[PDB]
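Taking it in order: structure first as structure tokens, then the write-up.
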Amino acid sequence: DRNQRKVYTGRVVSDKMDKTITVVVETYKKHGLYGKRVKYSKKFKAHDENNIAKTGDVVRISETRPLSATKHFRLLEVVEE
Amino acid sequence: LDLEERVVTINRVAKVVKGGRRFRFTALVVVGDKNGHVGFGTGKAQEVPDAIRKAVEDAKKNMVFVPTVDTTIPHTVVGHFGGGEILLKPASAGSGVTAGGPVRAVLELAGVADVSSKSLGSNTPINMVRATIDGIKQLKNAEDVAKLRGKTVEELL
Amino acid sequence: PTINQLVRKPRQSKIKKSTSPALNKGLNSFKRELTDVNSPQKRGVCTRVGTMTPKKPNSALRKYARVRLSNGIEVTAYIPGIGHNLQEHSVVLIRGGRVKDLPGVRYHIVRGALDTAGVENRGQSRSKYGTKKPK
Amino acid sequence: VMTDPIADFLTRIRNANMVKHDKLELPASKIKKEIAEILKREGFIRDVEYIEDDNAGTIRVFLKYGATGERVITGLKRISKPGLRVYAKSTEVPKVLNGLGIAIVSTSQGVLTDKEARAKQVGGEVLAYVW
Amino acid sequence: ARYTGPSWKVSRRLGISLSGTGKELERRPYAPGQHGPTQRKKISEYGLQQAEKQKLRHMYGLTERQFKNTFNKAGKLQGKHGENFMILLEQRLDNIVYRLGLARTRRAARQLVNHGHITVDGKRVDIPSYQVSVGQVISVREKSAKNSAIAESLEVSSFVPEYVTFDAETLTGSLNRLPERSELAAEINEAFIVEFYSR
Amino acid sequence: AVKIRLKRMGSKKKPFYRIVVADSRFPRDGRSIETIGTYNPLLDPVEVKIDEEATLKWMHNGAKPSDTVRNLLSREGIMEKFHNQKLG
RNA sequence: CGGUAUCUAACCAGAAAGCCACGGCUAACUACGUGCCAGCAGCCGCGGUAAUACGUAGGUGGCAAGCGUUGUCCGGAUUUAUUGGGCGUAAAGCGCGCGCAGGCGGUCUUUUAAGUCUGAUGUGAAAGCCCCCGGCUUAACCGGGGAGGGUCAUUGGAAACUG
Ligand SMILES: [Mg+2]
Ligand SMILES: [Mg+2]
Ligand SMILES: [Mg+2]
Ligand SMILES: [Mg+2]
Ligand SMILES: [Mg+2]
Ligand SMILES: [Mg+2]
Ligand SMILES: [Mg+2]
Ligand SMILES: [Mg+2]
Ligand SMILES: [Mg+2]
Ligand SMILES: [Mg+2]
Ligand SMILES: [Mg+2]
Ligand SMILES: [Mg+2]
Ligand SMILES: [Mg+2]
Ligand SMILES: [Mg+2]
Ligand SMILES: [Mg+2]
Ligand SMILES: [Mg+2]
Ligand SMILES: [Mg+2]
Ligand SMILES: [Mg+2]
Ligand SMILES: [Mg+2]
Ligand SMILES: [Mg+2]
Ligand SMILES: [Mg+2]
Ligand SMILES: [Mg+2]
Ligand SMILES: [Mg+2]
Ligand SMILES: [Mg+2]
Ligand SMILES: [Mg+2]
Ligand SMILES: [Mg+2]
């Protein structure tokens, strides 16, 4: 019995920084008028505590309080490479 | 039988001869009865009343039938003769008949009480009448479809 | 076009153009710039009066007046009716409406509203041309 | 066919009607067989048969005409093409020709006619209009 | 009333004997004006709908704004649009006052109702547009029961319709039920009205 | 402070009030928290409808009725039973 | 507010109707005056000595305490066409090819629930449009109840189709 936080899954795209990983999340959205499913990817920032992730991996992240200027998401686990 | 004529248009056509021009009047006439039979005809003569006479005589050979369940066409249909198109839709009871120039005459001399229509193509009266006639020819009743497809009337719908 | 070709680049519709460009502009003196505001009539002072000749096949002597509006744009207008009283340095009110004959005239002077008077000896169609009801 | 086989099936039937053919054969598939069965059970064709071969199999259909022609099936069209797929809610299932025709909808319990999809109160991708 | 002028001219132009027994057309049944005996002109389609509309609003004598407003609010009831339009035009207090026999013309009934001589269900009402419902009773205010004109208005009574009730001892009437186009009017195609207003 | 109070609407010289709840600060016709009932004074026995148990629990939290609303609640018996369950 | 609403007596048809249009679209025609002049005009277009198109008069048609003109917006316009258009000659296939990203993808089995479909809960304030009752002598207007509006959040189901 406790309120929950949003959770996302995606692919790691950059790792050159320290303790952080950039994650891209992909989704459909139907167009406003012609009703066709179109791809759209939004790229996030996550806090990796031990530099575990690597470029190209498939990971799961969750939301948290703002931990930096542009980071507010936390790594949860690595789904796969 | 009891036929009610209605002149749709009268046009004055001309041909050029070495001595000048020669003018002839052509009449389009839609005839029919309020029971569900309607046809159209075209006549051409050097005088208007004789043009209407020729047009009604020609029209008296092109009767068709308009299935008119409950004073309404069974369903929507698009007539596409020539360069013109007419779209006909069933309408609610007591809504009148709303249509263009000649399609109104065609649908009112056939006895149809309630229908909606839109001229999606050209506006030449002859082509509008012909397209409306084609659209009517594309009409079929529920009983006929049930007979064709084996299923009885109620199981059909 | 395929639906993908419309997703990639949509349909841009036409754009219309105004036909009375003077009546939808105003002037602000403090910053000296033409603002956009649509007005049904507009007043101005006439800098000349005279007549023109219409296009073929019509033939007459059409009475115009060249005016300068409140926003600085100077145009040409047409005086309807039989006779007028306009002169130099006269203040008039103008409104849209083009005469087909005169190539340049595009606006149209309203009568009886300002320094310009009505049309004398009207009996009917009187609201236009601005004449009071006799007797 | 290369892109969409259901449209090919519909257009083969339509092409066969125009010249008053009697039967037609085409490659088989798990959805084409069920579409043919719906068409037969509804009353738009005469019969359907399955011929076996090496790779995938073949399906033949015997079309239906009245006593003097009068094509029993007078029109087909595809609604959800590969370039744009359309889905219908349970309260949006189309009614073809005021119920004179039928619409095929691939719901969660197989493919159904328009009528029976309004009995289970379910919807899904509309495939074709037949009338 | 609201439109004041000769009444034979309107009936002559429209071609029926609206609000009368033919008294407007026995002599000179042709249109007014300088023309009218000189020539007759073929009617266009727009003219047909225009005539069939003017045939009805001049009959009940109400202006265009009220006419379209009552058309629109009649369009909401279940059933047929023209029928419901023409039925609740018969529910105006003027119509019932005329039908009972308290006036000789709809103008007279309207002028009687304006001056407050008619009380609907015991309360005096001074307006001619009050749509009366089924089960309400109509009196003559008991202070103007014995007037000349209203007394002679029963000398030429055109016989009450079947959808009302009226007695002369109490000088009191009421609306029984609603008419259904099988009782009212015989020269008007309301479908033309619907076509004219649905263009 | 939060209080339950009347809110005016209707027409010129024909007023009609809706017993609502609001902060002191917010405008007379402005935003509210919820609607409690109605109040019509143009009848001989003034016409009132009150949700009762909703305003009963919603006055335990520290909402004080206006004077007129106090009169209406007293006539409706609400305040006596509020008092009772306060000491009961 | 305010002697405001409302009510009761007596007197007089007496104080109280204009605006636009009449060649066609567009419902409604005759006479006089003028003579490519005066002038009219939304488009087609009238006027050169017999003008239903200019000016006036008689009549007629729309509306009505209003009637017209101008300005802006939507419709008719399927004239940016998802619903709902096209490219041989009317406007419209790049001069042709190799091809990254992107778009689409033959047949069958098992699994998944991203897209798809469905149940429930929470929410989408009040006023507004709509439906049903009520109060103002009717109406406008004002009340009472309801519905509709979400590519919405949480949670549970179905697996044909796309992934
Ligand atoms: Mg004029
Ligand atoms: Mg009191
Ligand atoms: Mg006093
Ligand atoms: Mg007197
Ligand atoms: Mg006319
Ligand atoms: Mg003359
Ligand atoms: Mg004219
Ligand atoms: Mg004239
Ligand atoms: Mg008049
Ligand atoms: Mg008024
Ligand atoms: Mg106006
Ligand atoms: Mg305008
Ligand atoms: Mg458009
Ligand atoms: Mg091509
Ligand atoms: Mg060329
Ligand atoms: Mg070309
Ligand atoms: Mg090319
Ligand atoms: Mg080429
Ligand atoms: Mg596949
Ligand atoms: Mg793919
Ligand atoms: Mg709301
Ligand atoms: Mg009432
Ligand atoms: Mg309200
Ligand atoms: Mg309400
Ligand atoms: Mg499966
Ligand atoms: Mg499952």
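Here's how to read the names in the structure tokens: chain A, B, ... by the order shown, residue numbers from 1 in each chain, ligand numbers from 1 in the order shown.
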At a cut-off of 10 Å, list the chain G residues touching chain D, using only C-alpha atoms (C1' of nucleotides), as a list in words.
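Listed by rising number, the hits are residues 103, 104, 105, 106, 107, 108, 116, 117, 118, 158, 159, 160, 161 and 162 of chain G.
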Can you work out which residues are within 9 Å of ligand 12, considering only C-alpha atoms (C1' of nucleotides) and all ligand atoms, and then hand them over as a ChimeraX atom specification?
/G:69-72
Selected residues written out, N, CA and C atoms (P, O5', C5', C4', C3', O3' and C1' of nucleotides), as a PDB file, in the first residue's frame:
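New file result23.pdb:
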```
ATOM      1  P     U G  69     -27.554  45.385 -49.243  1.00  0.00           P
ATOM      2  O5'   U G  69     -26.435  46.497 -49.033  1.00  0.00           O
ATOM      3  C5'   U G  69     -26.244  47.535 -49.983  1.00  0.00           C
ATOM      4  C4'   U G  69     -25.143  48.472 -49.556  1.00  0.00           C
ATOM      5  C3'   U G  69     -23.829  47.811 -49.171  1.00  0.00           C
ATOM      6  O3'   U G  69     -23.018  47.497 -50.286  1.00  0.00           O
ATOM      7  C1'   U G  69     -24.432  49.378 -47.513  1.00  0.00           C
ATOM      8  P     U G  70     -21.964  46.293 -50.195  1.00  0.00           P
ATOM      9  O5'   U G  70     -20.880  46.804 -49.150  1.00  0.00           O
ATOM     10  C5'   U G  70     -19.993  47.860 -49.483  1.00  0.00           C
ATOM     11  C4'   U G  70     -19.212  48.335 -48.285  1.00  0.00           C
ATOM     12  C3'   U G  70     -18.284  47.323 -47.641  1.00  0.00           C
ATOM     13  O3'   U G  70     -17.065  47.153 -48.339  1.00  0.00           O
ATOM     14  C1'   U G  70     -19.525  48.407 -45.965  1.00  0.00           C
ATOM     15  P     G G  71     -16.373  45.707 -48.391  1.00  0.00           P
ATOM     16  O5'   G G  71     -15.855  45.477 -46.904  1.00  0.00           O
ATOM     17  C5'   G G  71     -14.851  46.307 -46.342  1.00  0.00           C
ATOM     18  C4'   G G  71     -14.490  45.857 -44.951  1.00  0.00           C
ATOM     19  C3'   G G  71     -14.289  44.364 -44.785  1.00  0.00           C
ATOM     20  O3'   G G  71     -12.993  43.949 -45.173  1.00  0.00           O
ATOM     21  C1'   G G  71     -15.672  45.178 -43.050  1.00  0.00           C
ATOM     22  P     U G  72     -12.756  42.477 -45.762  1.00  0.00           P
ATOM     23  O5'   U G  72     -12.869  41.533 -44.488  1.00  0.00           O
ATOM     24  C5'   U G  72     -11.879  41.569 -43.476  1.00  0.00           C
ATOM     25  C4'   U G  72     -12.306  40.794 -42.257  1.00  0.00           C
ATOM     26  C3'   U G  72     -12.629  39.329 -42.474  1.00  0.00           C
ATOM     27  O3'   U G  72     -11.479  38.511 -42.562  1.00  0.00           O
ATOM     28  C1'   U G  72     -14.305  40.312 -41.139  1.00  0.00           C
TER      29        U G  72
END
```
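As for atom CA of residue 35 of chain F and atom CA of residue 20 of chain F, they are spaced 4.4 Å apart.
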Identify all chain G residues at most 9 Å from chain A by counting only C-alpha atoms (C1' of nucleotides); ligands do not count. Present them as a PyMOL selection string.
chain G and resi 82+114-115+151
Pull N, CA, C and O atoms (P, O5', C5', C4', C3', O3' and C1' of nucleotides) from the residues just selected and write them as a PDB file, in the first residue's frame.
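Final file, result-v1.pdb:
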```
ATOM      1  P     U G  82      -6.579  13.665 -48.511  1.00  0.00           P
ATOM      2  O5'   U G  82      -6.936  12.646 -47.342  1.00  0.00           O
ATOM      3  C5'   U G  82      -6.538  11.286 -47.408  1.00  0.00           C
ATOM      4  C4'   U G  82      -7.251  10.455 -46.373  1.00  0.00           C
ATOM      5  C3'   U G  82      -8.748  10.291 -46.580  1.00  0.00           C
ATOM      6  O3'   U G  82      -9.042   9.214 -47.450  1.00  0.00           O
ATOM      7  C1'   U G  82      -8.291  10.865 -44.318  1.00  0.00           C
ATOM      8  P     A G 114       1.459  -4.647 -22.838  1.00  0.00           P
ATOM      9  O5'   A G 114       2.065  -3.928 -24.122  1.00  0.00           O
ATOM     10  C5'   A G 114       2.942  -2.821 -23.992  1.00  0.00           C
ATOM     11  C4'   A G 114       3.311  -2.264 -25.341  1.00  0.00           C
ATOM     12  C3'   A G 114       2.142  -1.953 -26.261  1.00  0.00           C
ATOM     13  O3'   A G 114       1.540  -0.699 -25.990  1.00  0.00           O
ATOM     14  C1'   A G 114       3.733  -3.222 -27.441  1.00  0.00           C
ATOM     15  P     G G 115      -0.059  -0.576 -25.887  1.00  0.00           P
ATOM     16  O5'   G G 115      -0.536  -0.553 -27.403  1.00  0.00           O
ATOM     17  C5'   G G 115      -0.032   0.419 -28.305  1.00  0.00           C
ATOM     18  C4'   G G 115      -0.407   0.106 -29.731  1.00  0.00           C
ATOM     19  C3'   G G 115      -1.867  -0.206 -29.989  1.00  0.00           C
ATOM     20  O3'   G G 115      -2.689   0.943 -30.044  1.00  0.00           O
ATOM     21  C1'   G G 115      -0.531  -1.791 -31.097  1.00  0.00           C
ATOM     22  P     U G 151      -7.084  12.227 -25.792  1.00  0.00           P
ATOM     23  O5'   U G 151      -6.457  10.765 -25.713  1.00  0.00           O
ATOM     24  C5'   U G 151      -7.247   9.610 -25.951  1.00  0.00           C
ATOM     25  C4'   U G 151      -6.518   8.638 -26.833  1.00  0.00           C
ATOM     26  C3'   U G 151      -5.086   8.347 -26.410  1.00  0.00           C
ATOM     27  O3'   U G 151      -5.019   7.294 -25.459  1.00  0.00           O
ATOM     28  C1'   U G 151      -5.154   8.908 -28.719  1.00  0.00           C
TER      29        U G 151
END
```
Would you mind listing the residues within 10 Å of ligand 10, counting only C-alpha atoms (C1' of nucleotides) and all ligand atoms, as a ChimeraX atom specification?
/E:63-66 /G:64-66
Could you pull out the helix (DSSP H, G or I) residues of segment 38-85 of chain D from DSSP and send them as a PyMOL selection string?
chain D and resi 38-42
For chain C, report every residue with an atom at most 10 Å from chain D (counting only C-alpha atoms), formatted as an NGL selection string.
:C and (2-4)
Can you write just those residues out, N, CA, C and O atoms, as an mmCIF file, in the first residue's frame?
```cif
data_model
loop_
_atom_site.group_PDB
_atom_site.id
_atom_site.type_symbol
_atom_site.label_atom_id
_atom_site.label_comp_id
_atom_site.auth_asym_id
_atom_site.auth_seq_id
_atom_site.Cartn_x
_atom_site.Cartn_y
_atom_site.Cartn_z
ATOM 1 N N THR C 2 0.190 8.724 -51.355
ATOM 2 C CA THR C 2 0.109 7.699 -50.328
ATOM 3 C C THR C 2 0.021 8.352 -48.958
ATOM 4 O O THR C 2 0.476 9.478 -48.754
ATOM 5 N N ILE C 3 -0.589 7.636 -48.012
ATOM 6 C CA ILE C 3 -0.752 8.187 -46.671
ATOM 7 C C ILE C 3 0.599 8.509 -46.056
ATOM 8 O O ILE C 3 0.726 9.464 -45.281
ATOM 9 N N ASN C 4 1.630 7.738 -46.397
ATOM 10 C CA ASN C 4 2.968 8.053 -45.916
ATOM 11 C C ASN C 4 3.463 9.376 -46.483
ATOM 12 O O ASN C 4 4.121 10.150 -45.780
#
```
Find, counting only C-alpha atoms (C1' of nucleotides) and all ligand atoms, the residue in G:94, G:25, G:15, G:63 that gets nearest to ligand 18.
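When distances to ligand 18 are compared using only C-alpha atoms (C1' of nucleotides) and all ligand atoms, the smallest one comes from G:94.
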Residue with smallest distance to chain C - pool A:38, A:7, A:61, A:21, counting only C-alpha atoms
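Closest residue, counting only C-alpha atoms: A:38.
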Where does DSSP see strand (DSSP E or B) in chain C, if you list the residues as a CSV table (one decimal) with N, CA, C and O atoms, in the first residue's frame?
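Saved the output as states_16.csv:
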```csv
chain,number,residue,atom,x,y,z
C,25,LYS,N,-5.8,48.9,-42.5
C,25,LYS,CA,-4.6,49.4,-41.9
C,25,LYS,C,-4.8,50.7,-41.1
C,25,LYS,O,-5.7,51.5,-41.5
C,26,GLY,N,-4.1,50.9,-40.0
C,26,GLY,CA,-4.1,52.1,-39.3
C,26,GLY,C,-2.7,52.6,-39.0
C,26,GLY,O,-1.7,51.9,-39.1
C,27,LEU,N,-2.6,53.9,-38.6
C,27,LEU,CA,-1.3,54.5,-38.3
C,27,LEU,C,-1.3,55.0,-36.9
C,27,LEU,O,-2.2,55.6,-36.4
C,28,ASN,N,-0.1,54.6,-36.2
C,28,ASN,CA,0.1,55.1,-34.9
C,28,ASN,C,1.3,56.1,-35.0
C,28,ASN,O,2.4,55.8,-35.4
C,33,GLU,N,4.3,53.5,-37.2
C,33,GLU,CA,4.2,52.1,-37.8
C,33,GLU,C,2.8,51.8,-38.1
C,33,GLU,O,1.9,52.2,-37.4
C,34,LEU,N,2.6,51.1,-39.2
C,34,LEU,CA,1.2,50.8,-39.7
C,34,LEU,C,0.7,49.5,-39.0
C,34,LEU,O,1.2,48.4,-39.3
C,35,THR,N,-0.2,49.7,-38.1
C,35,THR,CA,-0.8,48.6,-37.4
C,35,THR,C,-1.9,48.0,-38.2
C,35,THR,O,-2.4,48.6,-39.2
C,36,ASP,N,-2.3,46.7,-37.9
C,36,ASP,CA,-3.3,46.0,-38.6
C,36,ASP,C,-4.6,46.0,-37.8
C,36,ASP,O,-4.7,45.5,-36.7
C,41,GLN,N,-15.3,51.7,-42.6
C,41,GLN,CA,-15.2,52.9,-43.3
C,41,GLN,C,-14.0,53.6,-42.8
C,41,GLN,O,-13.3,53.3,-41.9
C,42,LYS,N,-13.6,54.7,-43.6
C,42,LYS,CA,-12.4,55.4,-43.1
C,42,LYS,C,-12.4,56.8,-43.8
C,42,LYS,O,-12.8,57.0,-44.9
C,43,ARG,N,-12.0,57.8,-43.0
C,43,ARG,CA,-12.1,59.2,-43.4
C,43,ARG,C,-10.8,59.7,-43.9
C,43,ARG,O,-9.7,59.2,-43.6
C,44,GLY,N,-10.9,60.7,-44.8
C,44,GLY,CA,-9.7,61.3,-45.4
C,44,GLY,C,-10.0,62.6,-46.1
C,44,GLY,O,-11.2,62.9,-46.4
C,45,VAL,N,-9.0,63.4,-46.5
C,45,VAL,CA,-9.1,64.7,-47.1
C,45,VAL,C,-8.7,64.5,-48.6
C,45,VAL,O,-7.7,63.9,-48.9
C,46,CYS,N,-9.5,65.1,-49.4
C,46,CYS,CA,-9.4,65.0,-50.9
C,46,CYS,C,-8.4,66.0,-51.4
C,46,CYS,O,-8.6,67.2,-51.2
C,47,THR,N,-7.4,65.5,-52.2
C,47,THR,CA,-6.3,66.4,-52.7
C,47,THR,C,-6.6,66.9,-54.1
C,47,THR,O,-6.0,67.8,-54.6
C,48,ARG,N,-7.5,66.2,-54.9
C,48,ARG,CA,-8.0,66.7,-56.1
C,48,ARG,C,-9.3,66.1,-56.5
C,48,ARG,O,-9.7,65.0,-55.9
C,49,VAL,N,-10.0,66.7,-57.4
C,49,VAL,CA,-11.3,66.2,-57.9
C,49,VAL,C,-11.2,66.3,-59.5
C,49,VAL,O,-10.3,67.1,-60.0
C,50,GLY,N,-12.0,65.6,-60.1
C,50,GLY,CA,-11.9,65.6,-61.6
C,50,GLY,C,-12.8,64.4,-62.2
C,50,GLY,O,-13.6,63.9,-61.5
C,51,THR,N,-12.5,64.1,-63.4
C,51,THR,CA,-13.2,63.1,-64.1
C,51,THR,C,-12.3,62.2,-64.9
C,51,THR,O,-11.1,62.5,-65.1
C,52,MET,N,-12.8,61.0,-65.3
C,52,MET,CA,-12.0,60.0,-66.1
C,52,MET,C,-12.9,59.6,-67.2
C,52,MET,O,-14.0,60.0,-67.4
C,62,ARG,N,-16.8,59.9,-65.8
C,62,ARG,CA,-17.0,59.4,-64.4
C,62,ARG,C,-16.2,60.3,-63.5
C,62,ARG,O,-15.0,60.5,-63.6
C,63,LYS,N,-16.9,60.8,-62.4
C,63,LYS,CA,-16.4,61.8,-61.5
C,63,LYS,C,-15.7,61.0,-60.4
C,63,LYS,O,-16.4,60.3,-59.6
C,64,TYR,N,-14.4,61.2,-60.3
C,64,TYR,CA,-13.6,60.5,-59.2
C,64,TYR,C,-13.2,61.6,-58.2
C,64,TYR,O,-13.5,62.8,-58.3
C,65,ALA,N,-12.5,61.2,-57.2
C,65,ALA,CA,-11.8,62.1,-56.3
C,65,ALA,C,-10.6,61.3,-55.7
C,65,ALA,O,-10.7,60.2,-55.2
C,66,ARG,N,-9.4,62.0,-55.7
C,66,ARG,CA,-8.2,61.4,-55.1
C,66,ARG,C,-8.1,61.9,-53.7
C,66,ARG,O,-8.2,63.1,-53.5
C,67,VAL,N,-8.0,61.0,-52.7
C,67,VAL,CA,-8.1,61.3,-51.3
C,67,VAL,C,-6.8,60.8,-50.6
C,67,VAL,O,-6.2,59.8,-51.1
C,68,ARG,N,-6.5,61.4,-49.5
C,68,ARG,CA,-5.5,60.9,-48.6
C,68,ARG,C,-6.1,60.5,-47.3
C,68,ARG,O,-6.8,61.4,-46.6
C,69,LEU,N,-5.9,59.3,-46.8
C,69,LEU,CA,-6.6,58.7,-45.7
C,69,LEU,C,-5.9,59.1,-44.4
C,69,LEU,O,-4.8,59.6,-44.4
C,74,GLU,N,-2.9,57.2,-49.8
C,74,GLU,CA,-3.7,58.0,-50.7
C,74,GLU,C,-4.2,57.2,-51.8
C,74,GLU,O,-3.4,56.5,-52.4
C,75,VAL,N,-5.5,57.2,-52.0
C,75,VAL,CA,-6.2,56.3,-53.0
C,75,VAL,C,-7.2,57.2,-53.9
C,75,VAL,O,-7.2,58.4,-53.7
C,76,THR,N,-7.9,56.5,-54.7
C,76,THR,CA,-8.9,57.1,-55.6
C,76,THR,C,-10.3,56.5,-55.3
C,76,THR,O,-10.4,55.3,-55.1
C,77,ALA,N,-11.3,57.4,-55.3
C,77,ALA,CA,-12.6,56.9,-54.9
C,77,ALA,C,-13.6,57.5,-55.9
C,77,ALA,O,-13.3,58.4,-56.7
C,78,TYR,N,-14.8,57.0,-56.0
C,78,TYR,CA,-15.8,57.3,-56.9
C,78,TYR,C,-17.0,58.0,-56.2
C,78,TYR,O,-17.4,57.6,-55.1
C,90,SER,N,-11.3,69.0,-48.7
C,90,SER,CA,-12.6,68.6,-48.2
C,90,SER,C,-12.5,67.3,-47.5
C,90,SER,O,-11.8,66.4,-48.1
C,91,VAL,N,-13.1,67.1,-46.4
C,91,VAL,CA,-13.0,65.9,-45.6
C,91,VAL,C,-14.2,65.0,-46.0
C,91,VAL,O,-15.4,65.4,-45.9
C,92,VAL,N,-13.9,63.7,-46.4
C,92,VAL,CA,-14.9,62.8,-46.8
C,92,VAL,C,-14.7,61.5,-46.1
C,92,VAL,O,-13.7,61.2,-45.5
C,93,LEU,N,-15.7,60.6,-46.2
C,93,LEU,CA,-15.7,59.3,-45.6
C,93,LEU,C,-15.8,58.3,-46.8
C,93,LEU,O,-16.7,58.5,-47.7
C,94,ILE,N,-15.0,57.2,-46.8
C,94,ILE,CA,-15.0,56.3,-47.9
C,94,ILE,C,-15.2,54.9,-47.4
C,94,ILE,O,-15.0,54.6,-46.2
C,95,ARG,N,-15.6,54.0,-48.3
C,95,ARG,CA,-15.8,52.6,-48.0
C,95,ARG,C,-15.5,51.8,-49.2
C,95,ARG,O,-15.4,52.3,-50.3
C,96,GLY,N,-15.5,50.5,-49.0
C,96,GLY,CA,-15.1,49.6,-50.1
C,96,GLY,C,-16.2,49.5,-51.2
C,96,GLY,O,-17.3,50.1,-51.1
C,107,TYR,N,-12.2,52.2,-54.2
C,107,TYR,CA,-13.0,52.5,-53.1
C,107,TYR,C,-14.2,53.4,-53.6
C,107,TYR,O,-14.3,53.6,-54.8
C,108,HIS,N,-15.0,53.9,-52.7
C,108,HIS,CA,-16.3,54.4,-53.0
C,108,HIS,C,-16.7,55.4,-51.9
C,108,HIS,O,-16.8,55.0,-50.8
C,109,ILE,N,-17.0,56.6,-52.3
C,109,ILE,CA,-17.3,57.6,-51.3
C,109,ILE,C,-18.7,57.5,-50.8
C,109,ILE,O,-19.7,57.5,-51.6
```
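Between ligand 2 and the candidates F:73, F:42, F:79, F:48, the tightest atom-to-atom separation, counting only C-alpha atoms and all ligand atoms, involves F:42.
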List the spatial neighbours of residue 141 of chain G as JSON, numbers by chain - criterion: any atom at most 10 Å away, only C-alpha atoms (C1' of nucleotides), same-chain residues fewer than 4 positions off excluded.
{"F": [10, 11], "G": [136]}
Find the residues near residue 135 of chain E: any atom within 7 Å, counting only C-alpha atoms (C1' of nucleotides), skip ones fewer than 5 places away on the same chain, and give them as a PyMOL selection string.
chain E and resi 174-176
Take the residues from that selection and write them out as a PDB file, in the first residue's frame, keeping C-alpha atoms.
```pdb
ATOM      1  CA  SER E 174     -61.634  23.845 -23.871  1.00  0.00           C
ATOM      2  CA  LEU E 175     -59.277  21.928 -26.133  1.00  0.00           C
ATOM      3  CA  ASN E 176     -60.064  18.210 -26.193  1.00  0.00           C
TER       4      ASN E 176
END
```
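Counting only C-alpha atoms (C1' of nucleotides), residue 54 of chain A has the following residues at most 9 Å away, ignoring those fewer than 6 positions along the same chain: residues 12, 13, 14, 15, 21 and 81 of chain A.
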Could you write out the selected residues, including N, CA, C and O atoms, as a PDB file, in the first residue's frame?
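Output contents, as saved in part.pdb:
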```
ATOM      1  N   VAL A  12      20.320   1.746 -24.252  1.00  0.00           N
ATOM      2  CA  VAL A  12      21.382   2.695 -23.940  1.00  0.00           C
ATOM      3  C   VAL A  12      22.040   3.168 -25.228  1.00  0.00           C
ATOM      4  O   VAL A  12      22.353   2.368 -26.119  1.00  0.00           O
ATOM      5  N   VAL A  13      22.257   4.475 -25.332  1.00  0.00           N
ATOM      6  CA  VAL A  13      22.825   5.061 -26.538  1.00  0.00           C
ATOM      7  C   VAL A  13      24.156   5.760 -26.294  1.00  0.00           C
ATOM      8  O   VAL A  13      24.999   5.791 -27.205  1.00  0.00           O
ATOM      9  N   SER A  14      24.406   6.293 -25.102  1.00  0.00           N
ATOM     10  CA  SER A  14      25.691   6.907 -24.806  1.00  0.00           C
ATOM     11  C   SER A  14      26.103   6.539 -23.390  1.00  0.00           C
ATOM     12  O   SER A  14      25.260   6.332 -22.516  1.00  0.00           O
ATOM     13  N   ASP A  15      27.414   6.450 -23.179  1.00  0.00           N
ATOM     14  CA  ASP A  15      27.947   6.091 -21.875  1.00  0.00           C
ATOM     15  C   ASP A  15      29.210   6.868 -21.528  1.00  0.00           C
ATOM     16  O   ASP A  15      29.798   6.619 -20.474  1.00  0.00           O
ATOM     17  N   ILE A  21      23.933   7.293 -17.898  1.00  0.00           N
ATOM     18  CA  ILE A  21      23.691   6.644 -19.179  1.00  0.00           C
ATOM     19  C   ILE A  21      22.511   7.334 -19.844  1.00  0.00           C
ATOM     20  O   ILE A  21      21.523   7.668 -19.184  1.00  0.00           O
ATOM     21  N   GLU A  81      21.869  -7.373 -22.972  1.00  0.00           N
ATOM     22  CA  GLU A  81      22.864  -6.597 -23.696  1.00  0.00           C
ATOM     23  C   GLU A  81      22.208  -5.918 -24.892  1.00  0.00           C
ATOM     24  O   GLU A  81      21.788  -6.580 -25.842  1.00  0.00           O
TER      25      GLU A  81
END
```
